[PDB]
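Everything on this sheet refers to the single structure shown next.
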Amino acid sequence: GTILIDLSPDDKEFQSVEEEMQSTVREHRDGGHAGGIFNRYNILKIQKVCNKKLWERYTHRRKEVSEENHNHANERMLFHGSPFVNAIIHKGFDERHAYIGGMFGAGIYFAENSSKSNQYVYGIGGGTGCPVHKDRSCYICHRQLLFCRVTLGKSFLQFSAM
Amino acid sequence: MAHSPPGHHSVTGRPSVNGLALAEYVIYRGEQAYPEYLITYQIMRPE
Ligand SMILES: O=c1[nH]c(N2CCC3(CC2)CNc2cccc(Cl)c23)nc2c1CCCC2
Ligand SMILES: [Zn+2]
């Protein structure tokens, strides 16, 4: 039930999303070990993910959360990197996409820094890198991230030493 | 999956040591996120 719509690089929506990718790169304290060494991306394609069932499942929960949080869904746009991107866009997020060993418990994790999510495209801590070259810093192979609509509602603030 | 703290719908992980690191967020129900955009890209070797 999922359709993917290519956006044109001449489209304002493409440029907007690219700018969100590019402007939220940072350096990482691992020196690039997990996600590679880079300051910017080459954006190759941006697709809108269209799935009526998954969207209505999302907006149904969004309204519940809003009503429990003084009418504020606290909706953000956040990055998610995962080896399971193809399953996520067809079936949605579920517990099998959860970070079992994540610092805040077994949940689904998102980042404001695109480069944080880039650390997980090939696995936890970058895994063994790209499947072709086994290179966590591969400049050749194409990577995929998700830029996701996320309902936070009332968010528990946890000051981590990261 | 685990649960969010009672009375909450998510967790905000706010880095308190790296001033340049932005926040990370956790949800505990898949229905609270929609994968809106699929972005294909390469990282670029610094000049
Ligand atoms: O975008 C993000 N994705 C993740 N994942 C957690 C690990 C996970 C892929 C997704 C989940 N289960 C599993 C099993 C096998 C391999 C892998 Cl890689 C994964 N964690 C984070 C961010 C950004 C914020 C910091 C944490
Ligand atoms: Zn490669």
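Labeling convention for the structure tokens: chains A, B, ... as they appear, residues from 1 per chain, ligands from 1 in order of appearance.
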Open item on the list: Within 8 Å of ligand 1 (counting only C-alpha atoms and all ligand atoms), which residues show up? I'd like them as a ChimeraX atom specification.
Closed with: /A:79-84,96-100,102,108-114,116-127,145 /B:24-25
- [ ] Find the residues around residue 39 in chain B up to 6 Å (only C-alpha atoms counted), leave out those fewer than 2 positions away in its own chain, and share them as a list in words.
- [x] residues 45, 46, 144 and 145 of chain A
Open item on the list: Show me, as a count of residues only, every residue of chain A with an atom at most 7 Å from chain B, counting only C-alpha atoms.
Closed with: 56
Considering only C-alpha atoms and all ligand atoms, tabulate each residue of chain A that lies at most 9 Å from ligand 2 along with its nearest interatomic pair and the corresponding distance in Å to one decimal; arrange the rows by chain and ascending residue number and present them as JSON lines.
{"residue": "A:129", "atom": "CA", "partner": "ligand 2", "partner_atom_place_in_ligand_line": "1 (Zn)", "distance": 7.5}
{"residue": "A:130", "atom": "CA", "partner": "ligand 2", "partner_atom_place_in_ligand_line": "1 (Zn)", "distance": 4.7}
{"residue": "A:131", "atom": "CA", "partner": "ligand 2", "partner_atom_place_in_ligand_line": "1 (Zn)", "distance": 6.5}
{"residue": "A:132", "atom": "CA", "partner": "ligand 2", "partner_atom_place_in_ligand_line": "1 (Zn)", "distance": 4.9}
{"residue": "A:133", "atom": "CA", "partner": "ligand 2", "partner_atom_place_in_ligand_line": "1 (Zn)", "distance": 4.3}
{"residue": "A:134", "atom": "CA", "partner": "ligand 2", "partner_atom_place_in_ligand_line": "1 (Zn)", "distance": 6.5}
{"residue": "A:135", "atom": "CA", "partner": "ligand 2", "partner_atom_place_in_ligand_line": "1 (Zn)", "distance": 5.8}
{"residue": "A:136", "atom": "CA", "partner": "ligand 2", "partner_atom_place_in_ligand_line": "1 (Zn)", "distance": 8.0}
{"residue": "A:137", "atom": "CA", "partner": "ligand 2", "partner_atom_place_in_ligand_line": "1 (Zn)", "distance": 8.0}
{"residue": "A:138", "atom": "CA", "partner": "ligand 2", "partner_atom_place_in_ligand_line": "1 (Zn)", "distance": 4.7}
{"residue": "A:139", "atom": "CA", "partner": "ligand 2", "partner_atom_place_in_ligand_line": "1 (Zn)", "distance": 6.8}
{"residue": "A:140", "atom": "CA", "partner": "ligand 2", "partner_atom_place_in_ligand_line": "1 (Zn)", "distance": 5.3}
{"residue": "A:141", "atom": "CA", "partner": "ligand 2", "partner_atom_place_in_ligand_line": "1 (Zn)", "distance": 4.3}
{"residue": "A:142", "atom": "CA", "partner": "ligand 2", "partner_atom_place_in_ligand_line": "1 (Zn)", "distance": 7.8}
Export, as a compact mmCIF listing (two decimals), in the first residue's frame, the selected residues with N, CA, C and O atoms.
# COMPACT_ATOMS: atom_id res chain seq x y z
N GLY A 129 29.79 -1.36 8.26
CA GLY A 129 29.83 -0.45 7.13
C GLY A 129 28.99 -0.93 5.96
O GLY A 129 28.17 -1.84 6.08
N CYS A 130 29.22 -0.30 4.81
CA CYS A 130 28.45 -0.62 3.61
C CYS A 130 28.64 -2.09 3.25
O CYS A 130 29.71 -2.66 3.47
N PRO A 131 27.61 -2.74 2.70
CA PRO A 131 27.75 -4.17 2.37
C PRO A 131 28.75 -4.46 1.26
O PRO A 131 29.33 -5.55 1.24
N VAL A 132 29.01 -3.52 0.35
CA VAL A 132 29.90 -3.81 -0.77
C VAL A 132 31.36 -3.74 -0.34
O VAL A 132 32.16 -4.62 -0.66
N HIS A 133 31.75 -2.68 0.39
CA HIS A 133 33.15 -2.46 0.73
C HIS A 133 33.45 -2.67 2.21
O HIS A 133 34.62 -2.56 2.60
N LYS A 134 32.44 -2.95 3.04
CA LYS A 134 32.65 -3.07 4.49
C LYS A 134 33.32 -1.82 5.05
O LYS A 134 34.26 -1.89 5.84
N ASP A 135 32.84 -0.66 4.62
CA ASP A 135 33.47 0.62 4.94
C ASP A 135 32.44 1.52 5.60
O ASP A 135 31.48 1.95 4.95
N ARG A 136 32.62 1.79 6.89
CA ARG A 136 31.67 2.67 7.57
C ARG A 136 31.78 4.11 7.08
O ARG A 136 30.85 4.89 7.29
N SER A 137 32.88 4.45 6.40
CA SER A 137 33.05 5.79 5.83
C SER A 137 32.96 5.79 4.31
O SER A 137 33.53 6.67 3.66
N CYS A 138 32.25 4.82 3.73
CA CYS A 138 32.20 4.71 2.28
C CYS A 138 31.62 5.98 1.66
O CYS A 138 30.53 6.42 2.05
N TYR A 139 32.34 6.55 0.70
CA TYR A 139 31.85 7.69 -0.08
C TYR A 139 31.20 7.27 -1.39
O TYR A 139 30.67 8.13 -2.10
N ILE A 140 31.21 5.98 -1.71
CA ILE A 140 30.69 5.47 -2.98
C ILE A 140 29.24 5.04 -2.85
O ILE A 140 28.38 5.44 -3.64
N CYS A 141 28.95 4.18 -1.88
CA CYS A 141 27.66 3.52 -1.81
C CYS A 141 26.58 4.49 -1.37
O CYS A 141 26.82 5.41 -0.58
N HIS A 142 25.38 4.28 -1.90
CA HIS A 142 24.23 5.11 -1.58
C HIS A 142 23.65 4.69 -0.24
O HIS A 142 23.47 3.50 0.02
TODO: Give the strand (DSSP E) residues of range 65-123 of chain A, as DSSP finds them on the backbone, and put them as number ranges by chain.
DONE: A: 75-80, 108-111
Open item on the list: Using Å and a single decimal, report how far CA of residue 17 in chain A sits from CA of residue 50 in chain A.
Closed with: 16.2 Å
- [ ] Can you check which residues of range 26-148 of chain A DSSP gives as alpha helix (DSSP H) on the backbone and send them as a list in words?
- [x]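 Reading the DSSP output for range 26-148 of chain A, alpha helix (DSSP H) covers residues 52, 53, 54, 55, 56, 57, 58, 59, 60, 61, 62, 63, 64, 65, 66, 67, 68, 85, 86, 87, 88, 89, 90, 91, 114, 115, 116, 117 and 118 of chain A.
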